[PDB]
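First, one chain by itself: the form deposited in one PDB entry, in structure tokens.
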């Protein structure tokens, strides 16, 4: 009864186009915030952020005010889309094909006129993904909200603190905070300024997944390449093993390309690590070819260079604690012994290069210590 009567009275002469102020000259205060429920996906290749968001827009309709003593029990009303004035707060940097992914729901008003509007939505935002440090990367993705067609003299946008009470963790991202800021900006279209609210979603990538799936396997497959320097040359599989492992590491670079965006702002840390390891494996291929040339040397070819006969069979040989047809066998054994010395020297040197480059590149990430401590 009273609900029917009140609904009939509240729509007499009501125009959903009129801004609901008592004094037309004064701006209308709109309190804006959001509740972030989940970060569903961050597809870095297209530079878009998908979030489950409950935007919270509250304002006051001067006309939707009733005296509850005259409408007993009726303390709130609800109006669907198109029947009540609403703030046209859009996401400026939207990436959704429709550009406005908000789902239009009811506006709950009470007896005093305070309007509460809590549209749910899946919002896609064009976020610049700083991939410099991936997988140890921290992203600051902005969600910029503002009235599309109302300036400061008409819609006085005000900020309320973001809600994360109902947030459900993701698995891949540690929300470090959603600090917000209210700005008063001027635009090259118009003279009246337009205020905006920008929420900076700060998220730290949890590195266990990519860590176990890319870094640890890469390290140990690069380690399978370093076994070539312990394999004997007579096996006739040095080049096979070495080249096969190198061409196997290409799969990791392919996967990164499937994940990463095609941006030239910087070179990804994962990319530098894959590049450094794979170039070192290629150098292992070059050096084993040299070992095989020393090993398979025609005895009646060139003589042993004195430089080599001392730099390998005297110094390096001692450092590592190694130590007519039959004269040629001695000669070839000497050439084969030189091949053995090169194997051990480069084994040690390439082992250290692997150790340094791996540790040196990974600790250049600011977030490395935080990462290893929180995620392992």
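Numbering follows the first chain given and starts at 1. Here the rigid core means the biggest group of C-alpha atoms that line up within 1.5 Å when the two forms are laid on top of each other.
- In terms of unmodelled positions of the deposited sequence, the stretch from residue 323 to residue 324 in this entry skips 10 or more residues.
Omitted here: the form deposited in another entry. The next part is about that form.
- Just a single entry of 120, 179, 193, 166 exceeds or equals a 2 Å CA shift between the shown form and the other one, which is 193 (rigid core superposed).
- Look at residue 189 and residue 25: in the other entry their Cα atoms come 3 Å or more closer than in this form.
- Whereas the shown form places them at one spacing, the Cα atoms of residue 189 and residue 140 lie at least 3 Å farther apart in the other entry.
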